[PDB]
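[1] Based on what follows, work out the 3D shape:
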Amino acid sequence: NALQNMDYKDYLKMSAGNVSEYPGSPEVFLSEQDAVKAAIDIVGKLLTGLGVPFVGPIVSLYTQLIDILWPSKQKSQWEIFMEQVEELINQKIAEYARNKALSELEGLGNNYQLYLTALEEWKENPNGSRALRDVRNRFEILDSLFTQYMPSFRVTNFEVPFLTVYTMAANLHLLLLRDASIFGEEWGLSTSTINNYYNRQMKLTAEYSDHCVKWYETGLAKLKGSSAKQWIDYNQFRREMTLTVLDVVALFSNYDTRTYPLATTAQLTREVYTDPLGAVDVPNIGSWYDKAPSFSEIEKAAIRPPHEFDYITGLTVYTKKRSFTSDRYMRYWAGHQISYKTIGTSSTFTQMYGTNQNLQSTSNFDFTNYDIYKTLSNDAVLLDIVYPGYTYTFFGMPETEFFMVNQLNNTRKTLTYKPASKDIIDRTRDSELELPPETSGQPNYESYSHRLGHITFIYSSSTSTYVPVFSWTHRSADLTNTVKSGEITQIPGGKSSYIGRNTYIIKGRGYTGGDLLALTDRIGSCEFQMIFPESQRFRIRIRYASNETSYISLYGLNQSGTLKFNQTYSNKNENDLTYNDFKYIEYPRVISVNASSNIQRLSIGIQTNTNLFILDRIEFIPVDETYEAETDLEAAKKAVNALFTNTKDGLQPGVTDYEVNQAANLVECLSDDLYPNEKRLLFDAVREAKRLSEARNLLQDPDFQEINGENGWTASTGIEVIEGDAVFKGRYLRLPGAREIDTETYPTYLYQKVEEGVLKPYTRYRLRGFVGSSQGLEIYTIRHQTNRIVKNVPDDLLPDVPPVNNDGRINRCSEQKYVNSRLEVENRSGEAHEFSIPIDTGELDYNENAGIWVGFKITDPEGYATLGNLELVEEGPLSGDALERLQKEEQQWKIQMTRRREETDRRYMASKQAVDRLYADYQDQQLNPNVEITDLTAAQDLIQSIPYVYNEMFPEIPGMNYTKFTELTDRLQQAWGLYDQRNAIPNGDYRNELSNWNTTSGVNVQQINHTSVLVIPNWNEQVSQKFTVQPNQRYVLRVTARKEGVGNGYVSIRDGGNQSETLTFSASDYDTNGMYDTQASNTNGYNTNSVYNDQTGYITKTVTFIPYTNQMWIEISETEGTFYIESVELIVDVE
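    Numbering: from 1, shown residues only. The protein structure is shown below:
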């Protein structure tokens, strides 16, 4: 059969069996095919050697690339790359520029051959000075040839037709530079020489990428049109230029050996589309597209909008029949339902295409667990001629064969769609002409480059258009998101799973191998589902873009936490991102996963405040067993060193007491097993740092051991000292809210004076502290001016879940790590935990001894504060502007003080003279005989009139005259003290309320003008007392009282015999002789009266008395009205 037509030549094709007239149609026929076949091989080889830094695998990779780009076949592969695009866009590169480029490329080839042999020489003899010369020389020659020639491949006017050439050359150039950064130290390159190369490499990665994408996009735009025919051409360029340009560009980022120091697996997740399945260019008949929908109707119908990566599980095809007569008919694919899913879910999706009406039959296909690596389709036409001689044509698809390989057990199978048709015209279409397998030894079911992903459909009943369209995913994109232990695994954002939420996916431009995931204010979270078949430690890295600075949170893999991201770009749409708009962030927590055959989940979400985060890919980086420990050491070595000056024997003044404590906490993280000596030395250092903090701190009692002690903190009742609690190391203060009792509100306060003795002139100091959380906390600094700030600090450093778990003891290591990550978010407007307030001295004065007051207060009953690490430190001498403004405040001050010392010295000397008058000596141990209660109240009223006894804005703190006030009050009380000892009547001035007095129930003592006054409010009401006296001694009784209203007030004294005396008070005591109108004679003859109303007006009356018994009674009463008694006094008469 086959053999009887065969020619001897065909038969001598060892295995000669009728595919030796197209023996690799995608290998060596049309130049678009051979370009595509070569690009698919190249991409396929590069994927196996990403990250790999060893000389052996790199030599064999070059061996392979060189055999593809510079074969010894009679046509140049570079020429084929030009033809490919020249044909697609129908423009030829001008003769001279085309020939120049081909020359230079042939020459590049000769130089690569010599690089490869030198590289091989060096592998065999790595320390031979000849081999080192050779490999270095040949590298330097290639680099400068690339630099010379790259402009040759982007000649302006011809950027698009050159694009494949440009791409493949740029790729070699980036690989070349990569070699420098891995082999450079061994070739003898300087550190700086290597750095220059690496910097050039990263600049060039951006230039070449941005050029490739720009011009892909421009080329594609110029094939836009309005007809179906033009759509085919537009899509061809999309497909071919993805395979030949964008797939290569997407690898460029992985050639960075600093970011990728070991083997890395990349995944191309973009979909590509094979040409639509309808017949074209049928002799004397035409094409499916002759009568078809418009360009934009096909773009809409055939091409899926961006979506989460998916794979096909099932298909139901709907078949119709078409006849013009009964002799001849086509049954064809009229529409379909396709079932598919995302990774890891179990949720089946279904979509419907085309029509399902007026059907002949239905065909079902199950593809669960299989990849489809190849399709054979029939593009058929039905042609019929009917009376009276008119031709009718129908284009449709009556047959496909799906070639399948099992994902798990690797067996092969074929499923066929083939309804009965009769007398139709057929051409077969093989998917491998467009998407060939990789060139290995291996069969296509092992080496396929793409699998069938989805099936769309171009449908119009008007034009009888019924055309399936197949999309395809690259092999490098797995269906399980498996993460292996010996490599960096990349998982692009498109490979997230559907869990029921909408998801915003942006169209990628080629840079990333696929589409981009975006999180927004509308859709805040995504989930990934992954298989981890081995137990391993990893760290996570994320490749991202954003136009803001905010943070993400990560949940899953037995942990959760937060990560800051920094703005990467500004003033662009998210569709105009270029290479340099993408950066990396690294999560600083090592993840432990246990090996499991089931899915493990990681969810990523942004905060309430955040608008946009664009996720390109997440990366798993394997780490060994000591990585966590090594990085903890590095963190601690840094934080401790930052405490000290260069000589290591002092604190920098910008370093806070809180920071000393933070560094100490991080030292705790160190492993005793790995770093005992390093840990001991860092402990030694922080201990010394803490002692240094206490030495420079000008506050007494910074650890709060002696509250209300001498020359330390003065504190209101209720303030608590806490030790052994979260956030603060050692001891801190909790200030409660102000206390309400009935009408009165009693504030919480804490203050201390720093004395003049420890200060310096013309110097700046800083009050610093840490607030855990607060509301209504007032902080005061006082030297000459008083300054006040209010802090309201949020309670954002404690967690809402246990920070320890079972082990309920505090762990200062994990506590500080958590607190550090919270101080890392950006709110410094009065709500920062730290505070630092400046206080400036001018001249010093040991007499004034003004010092510096620091004060804290809460007036709000609902306020509070936790407060620690308090310090007052010297910053340094004032100079420049700060000094001038101080000399101004100071001079403004000295003027104020001069006025105020004058107000003081008068009120003072007046007060002091009143008190001087109370005594009959200069020692103050003897009272005058003649002093009465009224001399005491007068002194007291004047003492009360001394001003500036208290600070105006903080009255609990002493003012300039506190000392003067206190001295006179002590002296006044001493004298009042003597008065009561002298007074033979116990409690005669009612300073002990009503003790010693027998009273009826309505008698009370009231505070009138800061003095005790006995009140008798009604006439049924009485007071008396029996007390002892010396018989036959002359006493004098002195009564100071005010009688108001009708009637008389009486004070009666008697002995136990026949002696008694009665003093009478009445409102007649005030009535006045009267002006009697200026004694009826005064200038001109005008009138003036006197005043009978003397309200705040007591009268003193006296009477002498001799008791002839050792007992006496006093009795106080009234007939009516109200009687007020300031003092009853019974003293021995001096005469």
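
[2] Every contact and neighbour count from this point should use C-alpha atoms.
    OK.

[3] Now do the longest helix seen in the chain: which elements does it pack against?
    Using DSSP state H to define each element, the chain has its longest helix at helix 881-917. If you count contacts as 3 or more C-alpha pairs under 8 Å, 6 or more residues apart in numbering; DSSP states H and E, helix 881-917 packs onto helix 933-943, helix 962-982.

[4] quick one: buried residues of the shortest one?
    Buried residues in helix 933-943, defined by neighbour count with 16 or more other C-alpha atoms under 10 Å: 933, 936, 937, 939, 940, 942, 943.

[5] picking up where we left off before, ok, which of the helices and strands packed on helix 881-917 comes nearest residue 116?
    Residue 116 lies closest to helix 962-982 among those, at 93.2 Å (C-alpha to C-alpha).

[6] My reading is that residue 640 lies in a strand. Confirm?
    No. Per DSSP: H, G, I helix; E, B strand; the rest coil, residue 640 lies outside any strand segment and is helix.

[7] Touching, it and residue 686? I think so.
    Yes. The criterion here is C-alpha atoms under 8 Å, and residue 640 meets it with residue 686 at 6.7 Å.

[8] Quick check: neighbours shared by these two?
    Common contact partners of residue 640 and residue 686 (C-alpha atoms under 8 Å, 6 or more residues apart in numbering): 660, 663, 664.

[9] Closest to residue 973 out of those residues?
    residue 660 (50.7 Å).

[10] Distance check, the closest one against residue 686.
    To residue 686, residue 660 is 7 Å away according to C-alpha to C-alpha, to the nearest Å.

[11] list residues touching both of these two?
    residue 640.

[12] Okay, angle between the longest helix of the chain and helix 933-943 too, please.
    Angle of helix 881-917 versus helix 933-943, following axes from the mean of the first three to the mean of the last three C-alpha atoms, to 10 degrees, is 170 degrees.

[13] where exactly do the strands run in the stretch 401-550 of the chain?
    Secondary structure of the stretch 401-550 of the chain (DSSP state E, counting those that start in this stretch): strands at 412-417, 425-430, 450-460, 465-474, 488-492, 504-506, 516-520, 525-530, 536-545, 550-556.

[14] Can you add distance to residue 691 and mean neighbour count and give these back as TSV?
    Shown next, in TSV, are the strands of the stretch 401-550 of the chain (distance: least, C-alpha to C-alpha, whole Å; neighbours: other C-alpha atoms under 10 Å):
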stretch	distance to residue 691	mean neighbour count
strand 412-417	77	14
strand 425-430	82	16
strand 450-460	68	22
strand 465-474	64	22
strand 488-492	46	25
strand 504-506	56	18
strand 516-520	49	23
strand 525-530	48	21
strand 536-545	38	20
strand 550-556	37	17
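
[15] Quick one: list the elements packing against the helix or strand hosting residue 1130.
    For residue 1130, the host element (DSSP states H and E) is strand 1122-1132. If contacts are counted by 3+ C-alpha pairs under 8 Å, 6+ apart, strand 1122-1132 sits against strand 1012-1016, strand 1035-1044.

[16] what's the next secondary structure element after the first one?
    Moving toward the C-terminus from strand 1012-1016, the first helix or strand encountered (DSSP H and E) is strand 1023-1028.

[17] That next one packs against which elements?
    Checking 3+ C-alpha pairs under 8 Å, 6+ apart, strand 1023-1028 ends up next to strand 998-999, strand 1111-1118.

[18] The shortest one: how far from the chain's middle?
    Mean-position distance between strand 998-999 and its chain equals 74 Å (C-alpha atoms, centre = their mean, to the nearest Å).

[19] same check, this time on stretch 507-523
    So, by C-alpha atoms, centre = their mean, the centroid of stretch 507-523 is 22 Å from its chain's centroid.

[20] And for stretch 1052-1068?
    Relative to its chain's centre, stretch 1052-1068 lies at 87 Å (C-alpha atoms, centre = their mean).

[21] ok, residues contacting it?
    1041-1051, 1101-1103, 1105-1116.

[22] let's go with 7 Å and repeat that
    For stretch 1052-1068, contacts defined as C-alpha atoms under 7 Å, 6 or more residues apart in numbering pick out 1043-1045, 1047-1051, 1107-1109, 1111-1116.

[23] Kindly provide the distance from residue 996 to residue 1114.
    For residue 996, the distance to residue 1114 - C-alpha to C-alpha - is 12 Å.

[24] residues shared between the contacts of the two?
    Counting by C-alpha under 7 Å, 6+ apart, the residues touching both residue 996 and residue 1114 are residue 1025.

[25] Of these two, which one has the most company?
    residue 1114 (19 against 16; other C-alpha atoms under 10 Å).

[26] bridging residues for the more buried one?
    When assigned by DSSP bridges, residue 1114 has beta-bridge partners residue 1025, residue 1053.
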